[PDB]
Structures are given as structure tokens and as C-alpha cells.
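Encoded as C-alpha cells, the structure appears first; notes follow it.
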Amino acid sequence: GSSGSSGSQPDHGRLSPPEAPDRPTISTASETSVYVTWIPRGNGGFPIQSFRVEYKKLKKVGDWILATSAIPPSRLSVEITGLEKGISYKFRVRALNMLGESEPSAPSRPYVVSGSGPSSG
């Protein structure tokens with residue numbers, strides 16, 4: 001553990017980078033993409049510049065990959081396209097500011113992209 005200061009206080013000069021945002025959700029957006037919605041908490045003191053969404057293949061071996069990027073601070077939800085059907089994987093969110101990038105948000109639940117969800121009729 002080697003715990004450190006871990007103390008929250010109103011900085012004045014020496015600021016810090018953004019922290020890992022809440023856990024992103026998974027919704028049915030398409031057969032090749034999915035609607036992801038996250039909730040940012042800390043920005044390190046400065047205004048978030050852009051976010052980062054990454055995923056990981058469970059059925060297939062391979063570290064986390066990069067889905068999208070260059071997302072605005074006002075956009076807390078986007079459609080992650082470019083996925084492979086029949087391949088289970090998770091998603092995450094990262095905050096990048098003029099100070100640096102944030103930690104890897106908790107790995108949301110595993111979503112198995114099968115198709116365009118249900119139908120109307």
C-alpha cells in the first residue's frame with residue numbers, strides 16, 4: 001500500500017492532472033458500435049481538454065485498445081464504432097488536460113456485440 005498523502009486540498013500553484021472518471025455504461029447503438037456514457041469527476045484543477053475511450057478483448061488475448069478520441073468536455077456520451085461482433089469486451093474513459101492524462105476508469109461490464117439489438121417488427 002505504501003499509502004502517501006492522499007489529502008484533498010485547494011491548491012494554489014502546483015496543480016495536478018485529471019483523475020479517472022466514473023464507470024462508463026454500455027447501450028445498444030449499432031451492430032458494429034455501442035453507446036457509451038461516462039461521468040467525469042475530477043479534472044486535476046484545470047478544464048478538461050479531451051477524453052479517451054479504450055476497450056479490451058476478453059475472448060481474444062490483447063491489451064487495451066484505442067476506440068475514439070478528441071472528444072469534447074461537453075460530450076459525456078459517444079458511440080464507439082469499429083468493433084467486432086461475437087467478441088466480448090469492456091470499455092473505459094480517460095481525461096486529458098494541459099497537465100496530463102487521468103487514470104484508467106473502472107472497466108465497465110462486458111458487452112457482447114451481437115447485432116443491432118432487438119427489432120420493431
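Every chain in the C-alpha cells takes a letter, A first, then B, and so on in the order presented; its residues are numbered from 1, and the ligands are numbered from 1 following the presented order.
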
Show which residues sit within 9 Å of range 102-119 of chain A, as a PyMOL selection string. Count only C-alpha atoms, and ignore same-chain residues fewer than 3 positions away. chain A and resi 17-34+43-44+54-56+58+83-97

Write a file of the selected residues as a compact mmCIF listing (two decimals), in the first residue's frame, keeping N, CA and C atoms.
# COMPACT_ATOMS: atom_id res chain seq x y z
N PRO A 17 -2.94 16.57 -12.67
CA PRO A 17 -3.72 16.04 -13.79
C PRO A 17 -5.09 15.54 -13.36
N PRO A 18 -5.96 15.25 -14.35
CA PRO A 18 -7.31 14.75 -14.09
C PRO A 18 -7.31 13.33 -13.54
N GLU A 19 -8.37 12.99 -12.80
CA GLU A 19 -8.49 11.65 -12.21
C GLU A 19 -9.38 10.76 -13.07
N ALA A 20 -9.36 9.46 -12.78
CA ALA A 20 -10.17 8.51 -13.52
C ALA A 20 -11.66 8.79 -13.35
N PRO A 21 -12.36 9.00 -14.48
CA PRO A 21 -13.80 9.29 -14.47
C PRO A 21 -14.63 8.08 -14.07
N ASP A 22 -15.89 8.32 -13.73
CA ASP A 22 -16.79 7.25 -13.32
C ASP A 22 -16.77 6.10 -14.33
N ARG A 23 -17.49 5.03 -14.03
CA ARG A 23 -17.55 3.87 -14.91
C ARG A 23 -18.54 4.11 -16.05
N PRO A 24 -18.05 3.99 -17.29
CA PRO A 24 -18.87 4.18 -18.49
C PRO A 24 -19.89 3.06 -18.68
N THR A 25 -21.07 3.42 -19.17
CA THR A 25 -22.13 2.45 -19.40
C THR A 25 -22.12 1.95 -20.84
N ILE A 26 -22.86 0.88 -21.09
CA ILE A 26 -22.93 0.30 -22.43
C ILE A 26 -24.38 0.18 -22.90
N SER A 27 -24.66 0.74 -24.08
CA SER A 27 -26.00 0.70 -24.64
C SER A 27 -25.97 0.21 -26.08
N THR A 28 -27.12 -0.25 -26.57
CA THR A 28 -27.23 -0.75 -27.94
C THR A 28 -27.36 0.40 -28.93
N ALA A 29 -26.28 0.70 -29.64
CA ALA A 29 -26.28 1.77 -30.62
C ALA A 29 -26.27 1.21 -32.04
N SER A 30 -25.52 0.13 -32.25
CA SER A 30 -25.43 -0.49 -33.56
C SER A 30 -24.83 -1.89 -33.45
N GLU A 31 -24.77 -2.59 -34.58
CA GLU A 31 -24.21 -3.94 -34.61
C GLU A 31 -22.69 -3.90 -34.65
N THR A 32 -22.14 -2.75 -35.00
CA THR A 32 -20.69 -2.58 -35.07
C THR A 32 -20.21 -1.55 -34.06
N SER A 33 -21.15 -0.93 -33.36
CA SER A 33 -20.81 0.09 -32.36
C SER A 33 -21.75 -0.01 -31.16
N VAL A 34 -21.47 0.80 -30.14
CA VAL A 34 -22.28 0.81 -28.93
C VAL A 34 -22.25 2.17 -28.25
N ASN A 43 -10.87 17.01 -12.61
CA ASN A 43 -10.18 17.45 -13.82
C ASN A 43 -8.74 17.85 -13.50
N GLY A 44 -8.32 17.60 -12.27
CA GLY A 44 -6.96 17.94 -11.86
C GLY A 44 -6.81 19.41 -11.53
N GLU A 54 -11.16 3.51 -24.36
CA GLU A 54 -10.44 2.30 -24.74
C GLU A 54 -11.23 1.05 -24.37
N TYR A 55 -10.93 -0.05 -25.04
CA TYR A 55 -11.61 -1.31 -24.79
C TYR A 55 -10.62 -2.46 -24.66
N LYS A 56 -11.12 -3.64 -24.32
CA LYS A 56 -10.28 -4.82 -24.16
C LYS A 56 -11.02 -6.08 -24.59
N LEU A 58 -11.91 -9.82 -24.36
CA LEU A 58 -11.88 -10.90 -23.37
C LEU A 58 -11.65 -12.25 -24.04
N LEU A 83 -16.11 -2.03 -33.88
CA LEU A 83 -16.00 -3.21 -33.02
C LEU A 83 -16.23 -4.49 -33.81
N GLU A 84 -15.92 -5.62 -33.20
CA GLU A 84 -16.10 -6.92 -33.85
C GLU A 84 -17.20 -7.73 -33.16
N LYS A 85 -18.18 -8.17 -33.94
CA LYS A 85 -19.28 -8.96 -33.41
C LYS A 85 -18.79 -10.30 -32.87
N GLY A 86 -19.54 -10.86 -31.93
CA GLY A 86 -19.17 -12.14 -31.35
C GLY A 86 -17.91 -12.05 -30.51
N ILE A 87 -17.47 -10.82 -30.24
CA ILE A 87 -16.28 -10.60 -29.44
C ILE A 87 -16.59 -9.75 -28.21
N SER A 88 -16.58 -10.38 -27.04
CA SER A 88 -16.87 -9.68 -25.79
C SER A 88 -15.70 -8.78 -25.39
N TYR A 89 -16.02 -7.60 -24.88
CA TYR A 89 -15.00 -6.65 -24.46
C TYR A 89 -15.60 -5.58 -23.56
N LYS A 90 -14.73 -4.85 -22.86
CA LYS A 90 -15.17 -3.79 -21.96
C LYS A 90 -14.81 -2.42 -22.51
N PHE A 91 -15.07 -1.38 -21.73
CA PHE A 91 -14.77 -0.01 -22.14
C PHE A 91 -14.33 0.83 -20.95
N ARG A 92 -13.64 1.93 -21.23
CA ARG A 92 -13.16 2.83 -20.19
C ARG A 92 -13.08 4.27 -20.70
N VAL A 93 -12.76 5.19 -19.79
CA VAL A 93 -12.65 6.60 -20.15
C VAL A 93 -11.46 7.25 -19.46
N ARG A 94 -10.78 8.15 -20.17
CA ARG A 94 -9.62 8.84 -19.62
C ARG A 94 -9.71 10.34 -19.89
N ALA A 95 -9.26 11.13 -18.93
CA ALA A 95 -9.28 12.58 -19.06
C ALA A 95 -7.89 13.13 -19.37
N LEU A 96 -7.79 13.95 -20.41
CA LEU A 96 -6.51 14.54 -20.80
C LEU A 96 -6.59 16.06 -20.80
N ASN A 97 -5.78 16.69 -19.96
CA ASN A 97 -5.76 18.14 -19.86
C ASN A 97 -4.35 18.68 -20.12

Which of range 37-70 of chain A end up as strand (DSSP E or B) when DSSP is run on this backbone - answer as an MDAnalysis selection string? chainID A and resid 37 50:57 65:70

When you draw a straight line from CA of residue 71 in chain A to CA of residue 53 in chain A, how long is it in Å?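 For CA of residue 71 in chain A relative to CA of residue 53 in chain A, the distance reads 9.1 Å.
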
Residue with smallest distance to residue 40 in chain A - pool A:62, A:57, A:52, A:16, counting only C-alpha atoms: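 Nearest to residue 40 in chain A: A:52.
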
For CA of residue 41 in chain A and CA of residue 63 in chain A, determine how far apart the two atoms are, in Å to one decimal place. 25.6 Å

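Nearest residue to residue 11 in chain A, choosing from A:121, A:51, A:82, A:46 and counting only C-alpha atoms: A:46.
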
Atom pair CA of residue 9 in chain A / CA of residue 38 in chain A: separation (Å): 25.3 Å

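Within 8 Å of residue 78 in chain A, once only C-alpha atoms are used and residues closer than 5 positions along the same chain are dropped, the contacting residues are residues 35, 36 and 37 of chain A.
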